[PDB]
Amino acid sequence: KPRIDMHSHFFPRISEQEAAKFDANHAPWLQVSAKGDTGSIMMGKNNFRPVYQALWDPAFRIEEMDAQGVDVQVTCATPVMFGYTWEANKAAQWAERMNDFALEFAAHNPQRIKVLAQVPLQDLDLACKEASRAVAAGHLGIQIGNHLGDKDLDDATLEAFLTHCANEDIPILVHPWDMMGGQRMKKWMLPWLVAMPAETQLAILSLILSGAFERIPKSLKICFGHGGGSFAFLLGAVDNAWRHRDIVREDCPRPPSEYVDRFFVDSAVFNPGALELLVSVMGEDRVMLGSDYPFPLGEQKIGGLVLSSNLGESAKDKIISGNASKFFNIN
């Protein structure tokens, strides 16, 4: 009966000089403060984001998992580490380094800390090879971003990557990143509050409305971060549009709502009413507890929303433990 948190991030102890070998301007590295409890992710000499010790220190993180009652945590790259815009070979070298750091991180306690790998998604062949290598080395799966430039998950290269993972039984976490919006939402974390949930919805609907689920084998295990964004709530509008407009029907032979049996979401929706709607749509078997630890906005009391919701008790057990154990093959 382990409590499993399946959505968390880490960041490796990369030096500025090491990151500079890759890209002096866009390779992230970690600056740690003099007393070592806090620090910053950096890009070149630029500050990118304030972080604290649990992000990079596995001993310290374990102490916090104990205090939250978390038995097993699955953790993966912070998305700034993805490097999807880099030259493909350099990005492949980088993913392999990051993936080794991840394994070093988990080696502190591989029974309680599990890792997912990143891949150089901009090159299909290298991405597939790294997926297979990383999992063979001990990763439980892969986390990828939800798009590559103007390429959404319906794109043939991404669908091909997902098919490779399906065929090799490699679970996938899709994480929103590099949000759309452009110039008009700089303040008040609007990209996180508006663009992020729409990115995730868009990734899900791209697979659905392109007919990708008809082509990708049922063995694919794929989870979308952050509750599937606004997917669950806007699904009604999607089924209606499918029903009453031909161009929505063109590549998708069944009503969109039925494809919920082909994917998973985590539970980070920050409201009991929202979570009850999510589970209504997805089913209790397809929602997994995820917290976004250890980021500032990443659930204070992990599992707290799920326990306080009016969901049935067996649903609560599935979401907290059952579904993730099966999805990531955690014994």
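One rule holds for the numbers: they count along the sequence shown, beginning at 1.
- Higher mean CA temperature factor between 237-245 and 134-142: 237-245, per the PDB entry.
- Comparing the deposited coordinates for 177-185 and 78-86, the stretch with the larger average C-alpha B-factor is 177-185.
- Residue-level inspection of the entry shows that, of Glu96, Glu199, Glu159, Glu250, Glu250 has the top Cα B-factor.
- For the set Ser206, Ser230, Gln73, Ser257, the PDB entry puts the maximum C-alpha B factor at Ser257.
- Ranked by C-alpha B-factor against the other modelled residues of its chain, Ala19 falls in the highest third.
- In this PDB entry, the Cα temperature factor of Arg13 sits in the top third of its chain's modelled residues, the highest group.
- When all modelled residues of the chain are sorted by CA temperature factor, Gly283 is found within the middle third.
- When the modelled residues of the chain are ordered by C-alpha B-factor, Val265 sits in the lowest third.
- Ranked by C-alpha B-factor against the other modelled residues of its chain, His108 falls in the highest third.
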